[PDB]
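Novice: If you scroll down you'll find the structure; I have some questions about it.
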Amino acid sequence: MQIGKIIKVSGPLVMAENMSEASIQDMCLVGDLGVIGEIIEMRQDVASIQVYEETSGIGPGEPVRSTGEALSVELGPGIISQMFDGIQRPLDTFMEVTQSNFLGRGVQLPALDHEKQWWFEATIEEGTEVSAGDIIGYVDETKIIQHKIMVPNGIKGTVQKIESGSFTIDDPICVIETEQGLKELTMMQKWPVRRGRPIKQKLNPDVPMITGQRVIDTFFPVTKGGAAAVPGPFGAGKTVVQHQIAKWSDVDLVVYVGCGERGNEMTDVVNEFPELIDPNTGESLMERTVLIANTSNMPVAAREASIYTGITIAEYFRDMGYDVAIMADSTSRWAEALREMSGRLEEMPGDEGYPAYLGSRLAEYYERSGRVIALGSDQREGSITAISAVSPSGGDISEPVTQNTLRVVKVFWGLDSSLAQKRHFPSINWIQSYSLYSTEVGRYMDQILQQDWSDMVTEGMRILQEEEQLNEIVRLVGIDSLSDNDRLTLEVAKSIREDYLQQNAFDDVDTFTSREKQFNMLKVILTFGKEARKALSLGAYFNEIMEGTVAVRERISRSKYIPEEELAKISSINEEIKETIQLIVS
Amino acid sequence: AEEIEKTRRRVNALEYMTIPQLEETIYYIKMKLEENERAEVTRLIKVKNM
Amino acid sequence: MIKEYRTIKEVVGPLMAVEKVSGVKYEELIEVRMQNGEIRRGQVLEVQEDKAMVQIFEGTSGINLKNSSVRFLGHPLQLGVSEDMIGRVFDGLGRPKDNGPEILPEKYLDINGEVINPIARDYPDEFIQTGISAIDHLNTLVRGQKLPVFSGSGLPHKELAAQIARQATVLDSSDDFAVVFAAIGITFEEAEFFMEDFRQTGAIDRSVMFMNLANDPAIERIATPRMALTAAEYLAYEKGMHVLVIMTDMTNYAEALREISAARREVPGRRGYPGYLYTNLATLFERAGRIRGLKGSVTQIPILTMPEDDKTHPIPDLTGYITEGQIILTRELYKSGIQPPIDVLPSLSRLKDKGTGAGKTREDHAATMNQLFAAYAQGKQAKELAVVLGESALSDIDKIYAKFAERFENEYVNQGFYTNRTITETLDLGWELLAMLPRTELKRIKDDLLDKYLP
Amino acid sequence: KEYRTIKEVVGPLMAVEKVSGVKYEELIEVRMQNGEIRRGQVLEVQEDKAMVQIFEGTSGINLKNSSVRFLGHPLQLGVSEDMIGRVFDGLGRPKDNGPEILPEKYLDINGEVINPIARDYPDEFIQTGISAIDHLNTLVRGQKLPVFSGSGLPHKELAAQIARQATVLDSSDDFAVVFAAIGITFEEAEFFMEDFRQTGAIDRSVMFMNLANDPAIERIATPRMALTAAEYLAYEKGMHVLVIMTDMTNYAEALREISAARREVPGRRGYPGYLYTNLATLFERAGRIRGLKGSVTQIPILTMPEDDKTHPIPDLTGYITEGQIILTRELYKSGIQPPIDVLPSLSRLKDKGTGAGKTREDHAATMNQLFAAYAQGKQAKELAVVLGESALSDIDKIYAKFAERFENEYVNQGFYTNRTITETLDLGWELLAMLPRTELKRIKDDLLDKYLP
Ligand SMILES: Nc1ncnc2c1ncn2[C@@H]1O[C@H](COP(=O)(O)OP(=O)(O)O)[C@@H](O)[C@H]1O
Ligand SMILES: [Mg+2]
């Protein structure tokens with residue numbers, strides 16, 4: 001019980017003496033209000049504290065008491081369908097405890113309902129020599145997902161007692177006989193956020209994810225446990241994309257982390273996600289998602305916390321064996337948060353003022369994801385997919401954040417203002433965007449669908465690649481000038497980017513396109529792509545065929561809008577384009 | 001004869017407008033980052049001398 | 001009690017060092033009283049041990065250190081709020097400038113305010129008719145939204161604001177906006193424009209204004225937009241009013257921050273601006289929206305002049321990343337005699353989705369704008385090729401778009417600053433302009449939707 | 001001698017007081033109150049105190065109840081004959097779960113500068129199995145040939161492909177391949193280790209692995225370890241060694257981090273003022289030596305930020321290394337594997353490993369012919385798409401048909417397809433055979449009809 005004393009206050013930085021007993025990166029309570037802060041460095045007796053709340057009205061002389069523990073998150077029942085703060089505080093409960101529409105100060109609150117009854121079905125038998133990570137029972141938190149209680153690390157012994165029944169996360173649900181003494185366990189375990197949760201070993205992500213977005217699922221795919229980055233200027237649709245992925249992903253759990261970005265974007269999510277319903281869960285999406293909200297006008301130090309808390313919760317459900325996806329929006333805000341604290345500490349800055357340890361700190365975040373096998377010997381596989389939103393200033397991707405991200409990721413969806421200008425949504429630049437998981441995703445998918453998908457996506461990209469090289473001359477020579485057969489290439493790539501790539505997320509059917517339906521559109525266009533070549537080989541003038549297109553091209557323009565169940569429509573329109581140059585060649 | 005004029009226009013428009021606008025722009029762009037680079041270097045020395 | 005010290009250590013520019021003090025807090029409002037008797041307000045920037053650094057708003061001219069004292073008011077910089085504020089105009093620090101009667105203030109509110117709890121914050125979906133078609137239809141504005149204007153020096157942004165301010169009314173209601181205007185470092189002529197315009201639209205009786213002109217101290221600009229936003233959230237939440245927030249120039253605000261930052265020898269970010277610019281700006285713009293249970297609303301339309309006419313400059317960059325879209329002005333359009341000169345392509349609204357559709361507008365509202373975008377994007381680019389390679393170098397369909405692109409600018413964008421277009425007229429005109437294209441080219445509008453609304 | 005005198009902790013930096021006999025860059029380790037043990041290094045030492053940077057971070061340390069020990073030695077490496085086959089970390093510790101080696105001796109990883117008069121220049125040709133590298137930009141022993149890539153250009157496949165296929169010819173000397181990995185994602189690390197295991201190259205190579213999340217201070221030591229190990233295999237064991245390092249861009253990013261730690265002001269583009277020299281210290285340590293039968297050859301790989309050579313990382317590298325192998329985005333997006341573009345690519349000492357005694361007698365003569373014909377074919381191609389196919393003289397049309405056939409069949413072999421030197425040379429003839437006998441003005445009357453189909 002060593003009570004420290006403040007000797008300096010400068011914005012988010014509080015210097016306090018009499019803290020020699022405390023340790024680095026311990027949490028504190030600062031001032032008479034007891035606002036939540038954290039020691040960042042210690043010079044002799046005096047400790048330096050960054051505060052996760054506004055310090056308006058705090059002065060020297062006021063007390064500071066350490067807590068002895070680092071920043072940690074509690075992992076147990078009641079964690080799903082809840083929007084938390086960067087330091088994990090239930091905003092709904094916060095509103096119910098503070099009785100205001102605003103965020104108060106110095107108001108502590110336990111992140112989970114310790115006064116709630118949860119039925120716990122024990123699924124392990126007594127007298128079992130368990131180790132760290134082993135499951136002892138599950139609690140059906142949602143109708144779709146069960147909360148498997150695991151053995152906290154550092155604990156191996158033999159189970160003494162265990163039974164089904166209604167408890168809270170406070171009262172003991174089990175007892176293990178460890179060598180260091182008798183240890184009893186509960187449904188809740190707490191873990192430091194800046195410490196990677198241990199694993200047996202780690203796997204290569206093989207299984208492709210279902211985004212529903214035709215652009216990325218086809219040409220630039222991300223596997224389950226892969227690292228994807230979405231760099232782009234404001235208005236490109238970085239948040240929209242991450243919302244679209246969160247809605248229709250084939251994963252089992254999602255952690256949407258919103259740090260340093262708009263508040264309405266989060267209230268939008270809690271207003272709608274309870275009302276949206278989509279498989280693989282028969283129930284709502286809130287029974288699958290976990291929100292960590294940090295608005296731009298929230299305390300700056302709390303931004304780094306929000307990232308490290310959202311990934312720890314992800315690692316938690318990863319250890320169960322579930323496939324989880326974490327959306328960081330935006331990762332640039334984390335860096336800009338670090339830039340302030342680096343400046344306020346008068347540290348020697350790196351590129352663009354960012355700390356020189358930015359590249360290393362980002363690597364730690366991404367090397368804490370991916371498909372792995374959990375601890376124990378049950379050997380469940382769990383994957384963490386990272387969908388990071390990078391927001392480079394001016395749109396220049398040569399910034400430190402985008403650069404250090406593209407060094408430790410395998411997937412990059414470069415957005416550009418030029419396409420968002422044309423309202424080409426989603427605005428992913430197909431020429432530069434790239435996925436190193438391309439070849440392996442293609443293998444998986446040509447097996448599953450049993451169609452020549454690998455051959456189709458590669459040539460579909462070539463018609464795009466050719467489209468780019470062929471407008472380079474249109475400026476110079478003109479449209480009718482030469483390479484007349486290449487005009488067909490331009491008017492089928494025109495359909496590629498306008499009928500297949502342009503995926504509006506607003507319409508009630510093209511919000512999501514299933515893989516099987518996603519096949520037909522791709523299929524229809526390159527059939528025609530060669531069916532055109534079939535007519536220009538015989539000698540039928542291209543203007544004639546283009547009229548034949550226009551008659552049937554209107555149909556494929558609509559092909560986005562036809563429902564999933566009736567795919568035959570997109571299968572039969574293919575037969576109609578097999579027909580035309582039989583009736584238009586003679 | 002008609003196409004000569006079209007091609008002549010393109011050559012002229014490319015030589016007089018396009019290319020010089022490119023050259024003069026990359027120079028003004030080069031000068032900007034030249035100044036920005038050392039404008040930061042001086043500031044860094046101030047950070048160094050704190 | 002009263003708390004006053006006569007021990008001023010240093011006076012350097014806007015900053016002042018007071019030592020041998022005790023019990024001083026961060027951001028505490030202070031008052032310097034000089035040897036002559038003059039009172040100058042100030043704010044605590046940093047307090048360590050028995051020392052404290054303070055920023056002086058009114059400046060530090062003619063101060064004698066030894067014979068001057070510093071009073072510590074024991075509270076942060078706060079505004080005296082009231083219902084009587086409506087119809088009144090205050091200075092940069094909320095002091096009466098209109099010669100009106102002494103106000104009996106209701107409460108004293110810390111101008112920093114508090115962050116709206118997301119759970120309590122409910123989404124803005126109420127479409128606002130602004131009278132301007134480029135805004136109403138193509139880049140929609142709703143109430144509770146933070147939609148700024150990106151302009152430049154010489155460009156007519158004050159006219160666009162004044163037009164919106166009086167042509168602002170929401171459908172399905174008789175709710176008249178009670179606007180609040182924050183003048184930041186602007187000139188007399190630029191201020192008198194808003195002022196005079198309010199007097200003959202009668203909105204001066206329905207508004208409260210905060211004046212900080214070019215002859216007014218730059219340090220007051222730090223507080224001014226917070227005085228406005230606090231009065232905005234007071235009238236809108238406690239008194240359930242519908243408030244429209246206008247702030248200009250927003251650029252002059254960031255200039256003021258850099259003045260103090262450079263004075264404090266802080267580690268400078270881009271262009272010398274503070275590293276905490278994004279955060280400070282956010283603490284202004286985020287202070288808008290609607291909340292559960294409360295009928296009132298606070299909608300925000302800031303105005304900033306882009307330096308160098310450069311979108312990538314820190315001030316317009318950071319603002320664009322915070323706010324829910326932006327409205328952009330261009331000299332190219334302004335020189336073309338387009339009123340208002342709104343370049344619709346780089347502009348954006350982030351709440352146009354849930355904002356418009358069936359029930360609030362016609363159902364074609366979503367398909368028309370997306371079609372006009374793709375058409376103008378192709379048409380304008382074709383026009384570029386036309387003026388350099390000749391009109392006879394385009395295809396027949398290119399000239400159709402090029403002709404469309406020009407007609408788009410001259411009538412749809414250009415409507416005059418004193419003409420009010422209802423949302424219906426705009427939509428009707430929308431089809432008329434895109435009518436001159438083949439149906440086969442428009443692959444972005446429902447075919448059943450086409451036939452019904454196609455002319 | 002454990003000191004319990006910790007005065008300051010700022011960032012990763014830590015201050016120890018009341019000490020003596022402490023040296024610069026001396027290795028330290030700190031015993032915490034909980035018992036956790038972390039390593040460190042003296043970044044600065046004054047008369048009665050010293051500054052140290054902890055590798056494993058500074059989280060959760062109580063200054064009063066923690067202690068520091070000075071080990072009295074810099075970063076050293078355990079040298080042993082039984083080293084080949086095993087995988088190590090950036091510091092030299094085993095990662096392969098094998099029998100911990102007993103080193104012959106410990107050596108400073110910095111090494112020493114080799115006497116200019118002692119240097120013996122390289123002549124022996126080295127086969128890498130890749131046509132674009134083994135014929136047009138031929139690798140010679142003791143050379144320093146880098147590889148310029150970008151984020152996502154398959155520079156990791158090529159890196160694996162080289163060491164697998166890299167082999168000395170005839171020479172009765174065994175072949176060592178000291179591979180070094182710098183700040184790479186696990187997948188990339190797992191990729192390389194697995195790929196070396198299955199190909200049996202693991203038993204023919206030494207591996208130094210360094211993940212991205214690994215501390216920055218050892219990211220900088222990773223190459224110095226490998227080079228010291230490579231120098232231990234060549235100069236004191238008489239073996240021909242080939243060194244591969246990836247990534248080199250990651251090395252600089254980590255080099256920048258410890259500079260800001262020393263509060264040193266960056267020189268250019270955010271990179272420190274000794275970048276060129278620091279690169280030369282670990283680059284220029286390669287080549288033969290007079291009297292000794294050793295050989296050290298480096299193939300450093302780096303990703304140019306946004307495909308730019310003028311960037312400090314590949315630009316400064318050019319002033320040190322002889323030549324460059326550049327991968328092109330346009331090629332990789334066209335399905336070319338490896339996506340090597342031979343025009344900007346270069347090898348300054350290529351002719352030293354060509355000709356009879358090292359390769360076929362037409363090596364140099366052919367090389368320039370394929371090269372000049374490629375450029376001409378590319379220029380025929382660019383004029384074709386602007387003026388139509390017919391505007392071309394039909395032998396400029398065959399130069400165009402040559403130039404794409406050249407990329408698709410010669411350049412593109414596959415990341416797992418080995419090509420011996422002889423198979424590559426007559427392959428050029430098979431492609432040159434497309435062209436008539438009239439244009440080939442770089443080849444003489446002995447060789448043109450001795451090899452042409
Ligand atoms: N895929 C998309 N489909 C349709 N509209 C989009 C799409 N992406 C973005 N938009 C439009 O652009 C706006 C910007 O969205 P947001 O994701 O917030 O941009 P960013 O994240 O880049 O700041 C949205 O309000 C939306 O109207
Ligand atoms: Mg966003």
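FYI, nothing fancy with the structure tokens labels: chains A, B, ... in order, residues from 1 per chain, ligands from 1 as they appear.
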Going by DSSP on the backbone, which residues of stretch 264-428 of chain D come out as strand (DSSP E or B)? List them as number ranges by chain.
Specialist: D: 268, 271, 288-289, 295-303, 324-327, 340, 346
Novice: What does the list of residues within 7 Å of ligand 1 look like if you count only C-alpha atoms and all ligand atoms, written as a PyMOL selection string?
Specialist: (chain A and resi 232-241+425-427+503-506) or (chain C and resi 321+348-353)
Novice: Let me see if you get this right: every residue at most 12 Å from ligand 2, counting only C-alpha atoms and all ligand atoms, written as a ChimeraX atom specification.
Specialist: /A:230-243,257-266,295-296,327-333,388-392 /C:320-325,350
Novice: Each residue of chain B with at least one atom at most 9 Å from chain D should appear once, together with its nearest atom pair and the corresponding distance in Å (one decimal); atoms considered: only C-alpha atoms; ordering: chain, then increasing residue number; output as a Markdown table.
Specialist:
```
| residue | atom | partner | partner_atom | distance |
| --- | --- | --- | --- | --- |
| B:37 | CA | D:269 | CA | 7.5 |
| B:41 | CA | D:267 | CA | 8.0 |
| B:44 | CA | D:265 | CA | 6.8 |
| B:45 | CA | D:265 | CA | 6.9 |
| B:47 | CA | D:265 | CA | 8.9 |
| B:48 | CA | D:265 | CA | 6.7 |
```
Novice: For the selection you just gave me, I'd like the residues written to a file as a compact mmCIF listing (two decimals), in the first residue's frame, keeping N, CA and C atoms.
Specialist:
```txt
# COMPACT_ATOMS: atom_id res chain seq x y z
N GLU B 37 12.48 17.38 -47.14
CA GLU B 37 13.46 16.48 -46.53
C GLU B 37 14.34 17.22 -45.52
N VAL B 41 14.94 17.62 -41.35
CA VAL B 41 16.27 17.34 -40.82
C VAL B 41 16.68 18.38 -39.78
N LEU B 44 14.68 17.85 -36.61
CA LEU B 44 15.19 16.67 -35.91
C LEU B 44 16.40 17.02 -35.05
N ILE B 45 17.20 17.97 -35.52
CA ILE B 45 18.35 18.44 -34.76
C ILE B 45 17.87 19.18 -33.51
N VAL B 47 15.05 18.40 -31.96
CA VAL B 47 14.63 17.29 -31.12
C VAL B 47 15.85 16.65 -30.46
N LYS B 48 16.92 16.53 -31.23
CA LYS B 48 18.18 15.99 -30.74
C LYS B 48 18.77 16.87 -29.64
```
Novice: Specify as a ChimeraX atom specification all residues of chain A found within 10 Å of chain B, counting only C-alpha atoms.
Specialist: /A:343,346-350,352-353,475-478
Novice: Convert the current residue selection to file output with N, CA, C and O atoms, as a PDB file, in the first residue's frame.
Specialist:
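The resulting file, again05.pdb, is reproduced below:
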```
ATOM      1  N   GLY A 343       6.124  11.874 -29.370  1.00  0.00           N
ATOM      2  CA  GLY A 343       6.436  13.289 -29.417  1.00  0.00           C
ATOM      3  C   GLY A 343       6.398  13.919 -28.039  1.00  0.00           C
ATOM      4  O   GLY A 343       7.274  14.707 -27.683  1.00  0.00           O
ATOM      5  N   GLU A 346       9.281  13.361 -26.173  1.00  0.00           N
ATOM      6  CA  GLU A 346      10.425  13.973 -26.845  1.00  0.00           C
ATOM      7  C   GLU A 346      11.442  12.928 -27.295  1.00  0.00           C
ATOM      8  O   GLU A 346      12.650  13.159 -27.245  1.00  0.00           O
ATOM      9  N   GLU A 347      10.939  11.778 -27.731  1.00  0.00           N
ATOM     10  CA  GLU A 347      11.787  10.712 -28.251  1.00  0.00           C
ATOM     11  C   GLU A 347      12.240  11.025 -29.671  1.00  0.00           C
ATOM     12  O   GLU A 347      11.559  11.742 -30.402  1.00  0.00           O
ATOM     13  N   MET A 348      13.391  10.482 -30.056  1.00  0.00           N
ATOM     14  CA  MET A 348      13.897  10.651 -31.411  1.00  0.00           C
ATOM     15  C   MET A 348      13.004   9.898 -32.392  1.00  0.00           C
ATOM     16  O   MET A 348      12.970   8.669 -32.387  1.00  0.00           O
ATOM     17  N   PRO A 349      12.276  10.640 -33.240  1.00  0.00           N
ATOM     18  CA  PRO A 349      11.276  10.039 -34.128  1.00  0.00           C
ATOM     19  C   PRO A 349      11.884   9.375 -35.362  1.00  0.00           C
ATOM     20  O   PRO A 349      13.013   9.683 -35.743  1.00  0.00           O
ATOM     21  N   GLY A 350      11.129   8.467 -35.973  1.00  0.00           N
ATOM     22  CA  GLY A 350      11.543   7.845 -37.217  1.00  0.00           C
ATOM     23  C   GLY A 350      10.884   8.538 -38.394  1.00  0.00           C
ATOM     24  O   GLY A 350      10.673   9.752 -38.364  1.00  0.00           O
ATOM     25  N   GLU A 352       8.353  10.161 -40.841  1.00  0.00           N
ATOM     26  CA  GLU A 352       7.117  10.928 -40.664  1.00  0.00           C
ATOM     27  C   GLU A 352       6.737  11.156 -39.201  1.00  0.00           C
ATOM     28  O   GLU A 352       5.559  11.321 -38.879  1.00  0.00           O
ATOM     29  N   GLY A 353       7.731  11.170 -38.320  1.00  0.00           N
ATOM     30  CA  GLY A 353       7.485  11.427 -36.914  1.00  0.00           C
ATOM     31  C   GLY A 353       7.124  10.185 -36.122  1.00  0.00           C
ATOM     32  O   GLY A 353       7.192  10.190 -34.894  1.00  0.00           O
ATOM     33  N   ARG A 475      -5.472   6.700 -76.044  1.00  0.00           N
ATOM     34  CA  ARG A 475      -5.125   8.110 -75.934  1.00  0.00           C
ATOM     35  C   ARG A 475      -4.274   8.547 -77.124  1.00  0.00           C
ATOM     36  O   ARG A 475      -4.386   9.677 -77.601  1.00  0.00           O
ATOM     37  N   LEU A 476      -3.428   7.640 -77.603  1.00  0.00           N
ATOM     38  CA  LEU A 476      -2.472   7.959 -78.661  1.00  0.00           C
ATOM     39  C   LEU A 476      -3.028   7.743 -80.066  1.00  0.00           C
ATOM     40  O   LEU A 476      -2.938   8.630 -80.911  1.00  0.00           O
ATOM     41  N   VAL A 477      -3.595   6.568 -80.320  1.00  0.00           N
ATOM     42  CA  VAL A 477      -3.989   6.205 -81.681  1.00  0.00           C
ATOM     43  C   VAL A 477      -5.489   6.333 -81.943  1.00  0.00           C
ATOM     44  O   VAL A 477      -5.904   6.622 -83.066  1.00  0.00           O
ATOM     45  N   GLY A 478      -6.301   6.125 -80.911  1.00  0.00           N
ATOM     46  CA  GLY A 478      -7.743   6.171 -81.067  1.00  0.00           C
ATOM     47  C   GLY A 478      -8.384   4.812 -80.861  1.00  0.00           C
ATOM     48  O   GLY A 478      -7.690   3.809 -80.690  1.00  0.00           O
TER      49      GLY A 478
END
```
Novice: DSSP says helix (DSSP H, G or I) for which residues of stretch 119-168 of chain D? Put them as a VMD selection string?
Specialist: chain D and resid 131 to 136 155 to 165
Novice: Pull N, CA, C and O atoms from the residues just selected and write them as a short mmCIF file (atom, residue, chain, number, x, y, z; two decimals), in the first residue's frame.
Specialist:
```
data_model
loop_
_atom_site.label_atom_id
_atom_site.label_comp_id
_atom_site.auth_asym_id
_atom_site.auth_seq_id
_atom_site.Cartn_x
_atom_site.Cartn_y
_atom_site.Cartn_z
N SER D 131 18.43 -20.14 -65.61
CA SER D 131 18.95 -19.71 -66.91
C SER D 131 19.29 -18.22 -66.97
O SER D 131 20.35 -17.84 -67.45
N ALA D 132 18.37 -17.39 -66.49
CA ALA D 132 18.55 -15.95 -66.52
C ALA D 132 19.75 -15.51 -65.69
O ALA D 132 20.37 -14.49 -65.96
N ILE D 133 20.07 -16.30 -64.67
CA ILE D 133 21.18 -16.00 -63.78
C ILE D 133 22.46 -16.72 -64.21
O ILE D 133 23.55 -16.19 -64.04
N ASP D 134 22.32 -17.91 -64.77
CA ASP D 134 23.48 -18.74 -65.08
C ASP D 134 24.03 -18.55 -66.49
O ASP D 134 25.01 -19.19 -66.87
N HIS D 135 23.41 -17.68 -67.28
CA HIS D 135 23.83 -17.49 -68.66
C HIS D 135 24.01 -16.02 -69.02
O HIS D 135 25.02 -15.64 -69.61
N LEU D 136 23.02 -15.20 -68.67
CA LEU D 136 23.04 -13.79 -69.06
C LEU D 136 23.72 -12.92 -68.01
O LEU D 136 24.40 -11.95 -68.35
N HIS D 155 10.22 -13.61 -54.33
CA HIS D 155 11.65 -13.59 -54.02
C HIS D 155 12.00 -14.66 -52.99
O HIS D 155 13.17 -14.91 -52.73
N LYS D 156 10.97 -15.28 -52.41
CA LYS D 156 11.20 -16.34 -51.44
C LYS D 156 11.31 -17.70 -52.13
O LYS D 156 12.03 -18.58 -51.67
N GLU D 157 10.60 -17.86 -53.25
CA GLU D 157 10.71 -19.07 -54.04
C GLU D 157 12.07 -19.14 -54.71
O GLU D 157 12.73 -20.18 -54.70
N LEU D 158 12.49 -18.02 -55.30
CA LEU D 158 13.78 -17.93 -55.96
C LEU D 158 14.91 -18.15 -54.96
O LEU D 158 15.91 -18.78 -55.28
N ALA D 159 14.73 -17.62 -53.76
CA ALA D 159 15.73 -17.78 -52.70
C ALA D 159 15.91 -19.25 -52.35
O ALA D 159 17.03 -19.72 -52.15
N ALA D 160 14.80 -19.97 -52.27
CA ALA D 160 14.84 -21.40 -52.01
C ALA D 160 15.43 -22.14 -53.21
O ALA D 160 16.23 -23.07 -53.05
N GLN D 161 15.04 -21.72 -54.41
CA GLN D 161 15.46 -22.38 -55.64
C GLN D 161 16.97 -22.29 -55.85
O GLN D 161 17.58 -23.24 -56.36
N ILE D 162 17.56 -21.17 -55.48
CA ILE D 162 19.00 -20.97 -55.65
C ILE D 162 19.80 -21.98 -54.84
O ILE D 162 20.53 -22.79 -55.41
N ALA D 163 19.65 -21.93 -53.52
CA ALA D 163 20.43 -22.78 -52.62
C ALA D 163 20.25 -24.27 -52.91
O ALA D 163 21.18 -25.06 -52.73
N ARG D 164 19.05 -24.64 -53.34
CA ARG D 164 18.78 -26.02 -53.72
C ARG D 164 19.59 -26.44 -54.94
O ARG D 164 20.11 -27.56 -54.99
N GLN D 165 19.69 -25.54 -55.91
CA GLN D 165 20.29 -25.87 -57.19
C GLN D 165 21.74 -25.39 -57.30
O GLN D 165 22.48 -25.84 -58.17
#
```
Novice: Neighbouring residues of residue D:348 were defined as those with any atom within 9 Å, considering only C-alpha atoms; residues of the same chain fewer than 5 positions away were excluded. Please report them as number ranges by chain.
Specialist: D: 137, 145, 322-324
Novice: If we count only C-alpha atoms, which residues of chain C reach to within 9 Å of chain B? Please list them as a ChimeraX atom specification.
Specialist: /C:266-268,270-271,388-390,393
Novice: Compile the contact shell of stretch 12-19 of chain C as an MDAnalysis selection string: residues with an atom at most 10 Å away, counting only C-alpha atoms, same-chain residues fewer than 5 positions apart removed.
Specialist: chainID C and resid 5:7 32 42:61 65 69:70 218:219 259:260 263:264
Novice: Quick one: distance from atom CA of residue D:356 to atom CA of residue D:429 in Å, one decimal?
Specialist: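 So the two atoms, atom CA of residue D:356 and atom CA of residue D:429, lie 17.6 Å apart.
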Novice: List the neighbours of residue C:206 out to 8 Å using only C-alpha atoms; skip same-chain residues closer than 5 positions along the sequence, and give me the result as a VMD selection string.
Specialist: chain C and resid 86 to 87 178 to 179
Novice: Counting only C-alpha atoms, which residue out of A:566, A:485, A:79, A:577 sits closest to residue A:547?
Specialist: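 Closest candidate: A:577.
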Novice: Taking only C-alpha atoms into account, name the residue in D:229, D:387, D:316, D:71 that is nearest to chain A.
Specialist: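 Going through D:229, D:387, D:316, D:71 one by one, the smallest distance to chain A is for D:387.
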Novice: Sort by chain and increasing residue number a table of all residues of chain A within 7 Å of chain C, each with its closest pair of atoms and their distance in Å to one decimal, counting only C-alpha atoms, and write it as a Markdown table.
Specialist:
```
| residue | atom | partner | partner_atom | distance |
| --- | --- | --- | --- | --- |
| A:7 | CA | C:49 | CA | 5.1 |
| A:8 | CA | C:48 | CA | 4.0 |
| A:9 | CA | C:47 | CA | 5.6 |
| A:10 | CA | C:46 | CA | 5.0 |
| A:56 | CA | C:26 | CA | 5.4 |
| A:57 | CA | C:25 | CA | 4.8 |
| A:58 | CA | C:25 | CA | 5.0 |
| A:59 | CA | C:25 | CA | 4.2 |
| A:60 | CA | C:49 | CA | 6.3 |
| A:91 | CA | C:119 | CA | 6.6 |
| A:92 | CA | C:119 | CA | 6.1 |
| A:101 | CA | C:120 | CA | 5.3 |
| A:102 | CA | C:116 | CA | 4.4 |
| A:103 | CA | C:115 | CA | 5.6 |
| A:234 | CA | C:321 | CA | 5.5 |
| A:235 | CA | C:348 | CA | 6.9 |
| A:262 | CA | C:322 | CA | 6.8 |
| A:263 | CA | C:118 | CA | 6.0 |
| A:264 | CA | C:123 | CA | 6.3 |
| A:266 | CA | C:118 | CA | 6.7 |
| A:267 | CA | C:118 | CA | 5.4 |
| A:268 | CA | C:123 | CA | 6.4 |
| A:296 | CA | C:282 | CA | 5.8 |
| A:297 | CA | C:283 | CA | 4.7 |
| A:298 | CA | C:115 | CA | 6.7 |
| A:339 | CA | C:275 | CA | 7.0 |
| A:340 | CA | C:275 | CA | 5.3 |
| A:343 | CA | C:267 | CA | 5.3 |
| A:346 | CA | C:267 | CA | 6.5 |
| A:353 | CA | C:269 | CA | 6.4 |
| A:393 | CA | C:317 | CA | 6.9 |
| A:394 | CA | C:312 | CA | 4.7 |
| A:421 | CA | C:345 | CA | 5.3 |
| A:422 | CA | C:374 | CA | 5.0 |
| A:423 | CA | C:373 | CA | 6.4 |
| A:550 | CA | C:440 | CA | 6.8 |
| A:554 | CA | C:440 | CA | 6.7 |
| A:557 | CA | C:443 | CA | 5.9 |
```
Novice: Report the distance between atom CA of residue C:79 and atom CA of residue C:105 in Å, rounded to one decimal place.
Specialist: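 Result for atom CA of residue C:79 versus atom CA of residue C:105: 8.9 Å, one decimal.
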